[PDB]
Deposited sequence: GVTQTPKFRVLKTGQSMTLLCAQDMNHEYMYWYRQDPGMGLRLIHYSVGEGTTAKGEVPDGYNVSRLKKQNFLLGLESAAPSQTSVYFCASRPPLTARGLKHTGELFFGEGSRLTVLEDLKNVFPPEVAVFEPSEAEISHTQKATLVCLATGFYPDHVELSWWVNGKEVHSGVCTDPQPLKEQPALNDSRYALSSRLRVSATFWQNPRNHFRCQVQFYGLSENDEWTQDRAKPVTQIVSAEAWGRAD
């Protein structure tokens, strides 16, 4: 369908970048939207054809190019902290009604300082013996903490295979110190299984946190490890008890 790249991105304030959007559906109408909290989707620019660019209603301060029918480029020429949002691209063929085909979304974070970028700390909390006896069920709690920015994907893996049944993850990561503009974030997830599954000490439980941070093109001269895109995991083995 509609392909948009990057999917995650950290820019330093003043820096410039481009968002790419490719349609494999042969559509004439292309669109760039932004979406923040309190939202909703707000069109930045649009294009009706191969060589035409148009209107707001939030056009400052992005540029847009349409050179090919397939691609519609959003340029950030001077990145500002206000520009941190979720960008969404859309394609439409009319008159073919008229339904919008949305891209996967681009999450951008514009920071004054790149040293404020931190990957998460990961921890799994083992089920209570009391819950096991009271319900015959066992809840694992996973906590991802001290991370900046909010570019995180948490999955649970039991014995090397991704589990979906019994998992419940916060759709939104909490701000540890809310008044802070540069505040780190925390995220929680739960994995509930049967007591006898947890009791099997062969069963291996893992909470995987994929963090999206610094790019390969980011220069890092600091002594601390470069906060690059990485996976941080914490694991638990079944308890005989």
If you line up the deposited sequence with the model, which stretches have no C-alpha coordinates? 97-102
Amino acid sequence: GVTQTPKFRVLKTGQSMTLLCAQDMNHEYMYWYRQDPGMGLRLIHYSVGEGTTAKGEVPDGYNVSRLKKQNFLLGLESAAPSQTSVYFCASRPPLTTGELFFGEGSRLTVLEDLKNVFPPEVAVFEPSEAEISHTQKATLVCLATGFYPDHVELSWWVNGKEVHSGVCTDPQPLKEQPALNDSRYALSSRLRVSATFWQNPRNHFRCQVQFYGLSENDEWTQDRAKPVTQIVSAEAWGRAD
From here on, numbers count along this sequence of modelled residues.
Quick one: say whether 181-189 or 64-72 has the higher mean Cα B-factor in the deposited entry. 64-72
Of 192-200 vs 207-215, the stretch with the larger average CA B-factor in the entry is 192-200
Considering only modelled residues of the same chain, in which third does the CA B-factor of residue 105 rank: lowest, middle or highest? lowest
How does residue 48 rank on Cα B-factor within its chain, lowest, middle or highest third? highest
So, residue 121's CA B-factor, relative to its chain, sits in which third? The middle
Residue 13 by Cα B-factor - lowest, middle or highest third of the modelled chain: middle
Ranking every modelled residue in this chain by its Cα temperature factor as given in the entry, which third contains residue 41? lowest
